[PDB]
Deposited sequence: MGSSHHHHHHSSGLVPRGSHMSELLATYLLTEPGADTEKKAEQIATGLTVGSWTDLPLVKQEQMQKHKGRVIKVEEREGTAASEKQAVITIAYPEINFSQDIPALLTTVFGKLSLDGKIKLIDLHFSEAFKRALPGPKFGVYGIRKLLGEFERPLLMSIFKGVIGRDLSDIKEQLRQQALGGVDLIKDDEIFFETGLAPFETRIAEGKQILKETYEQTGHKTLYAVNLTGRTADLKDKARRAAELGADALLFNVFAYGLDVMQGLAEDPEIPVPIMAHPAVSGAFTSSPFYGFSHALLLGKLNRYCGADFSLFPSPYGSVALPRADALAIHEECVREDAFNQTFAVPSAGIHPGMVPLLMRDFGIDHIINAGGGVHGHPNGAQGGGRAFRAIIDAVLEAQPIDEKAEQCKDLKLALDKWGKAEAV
């Protein structure tokens, strides 16, 4: 078995580097090894698979190296430490992709529910989903939070997620949100016939996650919002592998920008937010859409989606483009991602003239228009909420 690692080296004889990383980063200086040690450490020796040279102003090269799987235990910490530990500090080198062996994949859980599971839960298979976020949580009482939830639900969103900074501060406890949120969503459902899921933020010390997530499960929580890059992919994996946590996991990119934003260092967005999040149990994976306030280059956005949906020995992950999306962007979002993605309208929904209800309906209306091939102008005339949103945000 072998694990392939692809890297982008931005400047620094790249073939030389490729070899050194293949041997030095798997066996170290090999020409100094005693023949005997050299003749048994051969099975641990990595090998250069390819060295291509990539469209910018700097001279960049793409390198793929095979690492004998016997070189590290079957877990993400061991893997990253082996293929991108010491190496991550070696000049301009970025880990772009990883191709796992069937055996390693056997040690990874993948999402418990994935696209199929979430859609099954919502009874919606013919349309990309709509997600909404609380306008704000900090310093707001339970009463405030509750109404925001109602308004988002009545708006028609399929999912409502907590703000990633919603911690256990005593204003609206974790277990209480799950309880009240569940009730409110049953009430909105009774009123509209539309099902909504509430993704509750899972926070606190790493050692307490397990019991908190199980508690969420027995309380009937719909989904668990988890900031992986604040706890580690392995911790998320532990959650996804727990049968006592039969709840979907929504991976938020909080902090991930720290090691993906750079075009020369860290990780590619597709690998981190796409492949690894998926393999480690993310049922949802949020990322900046290519068109919002904060954005990702289309290429990167598309790649994350492809990683989330590609056929693999894991359930597919729901890609969720986010950050400042507005209704006029849905046609774009739907052109790129197809129907298997979730449009995260974020908290902007509350800024709609008609409230969160209007923001949600503005979004639901245009995604329908796109699916029905109905001229948006025409839809805008039948749904004032959509027209208002388009006049305010444009296009």
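Unmodelled regions of the deposited chain sequence (numbering from residue 1, in sequence order): 1-21, 34-35, 78-80, 422-425.
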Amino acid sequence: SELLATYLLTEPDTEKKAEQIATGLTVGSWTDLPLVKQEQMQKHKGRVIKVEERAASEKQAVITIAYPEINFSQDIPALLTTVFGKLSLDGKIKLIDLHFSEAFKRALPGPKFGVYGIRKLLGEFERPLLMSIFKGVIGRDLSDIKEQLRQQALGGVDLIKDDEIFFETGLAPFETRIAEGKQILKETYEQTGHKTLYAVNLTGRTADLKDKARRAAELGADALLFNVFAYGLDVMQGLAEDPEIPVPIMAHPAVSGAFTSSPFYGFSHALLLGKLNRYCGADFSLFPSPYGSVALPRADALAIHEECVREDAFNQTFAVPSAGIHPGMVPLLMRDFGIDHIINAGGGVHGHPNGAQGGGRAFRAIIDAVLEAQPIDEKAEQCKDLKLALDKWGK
From here on, numbers count along this sequence of modelled residues.
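Looking at mean Cα B-factors across 365-373 and 29-37, the upper value is held by 29-37. Checked against the record, the higher mean CA B factor of 224-232 and 272-280 lies with 224-232. Take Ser293, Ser289, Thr82, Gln237 and read off each C-alpha B-factor from the entry; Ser293 has the highest. Between the residues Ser57, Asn344, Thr64, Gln357, it is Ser57 that shows the highest Cα B-factor in the PDB record. When the modelled residues of the chain are ordered by their C-alpha B factor, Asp97 lands in the lowest third. Among all modelled residues in its chain, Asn315 ranks in the lowest third by Cα B-factor. Ranked by C-alpha B-factor against the other modelled residues of its chain, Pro68 falls in the highest third. Ranked by C-alpha B-factor against the other modelled residues of its chain, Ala5 falls in the middle third. When all modelled residues of the chain are sorted by CA temperature factor, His44 is found within the highest third.
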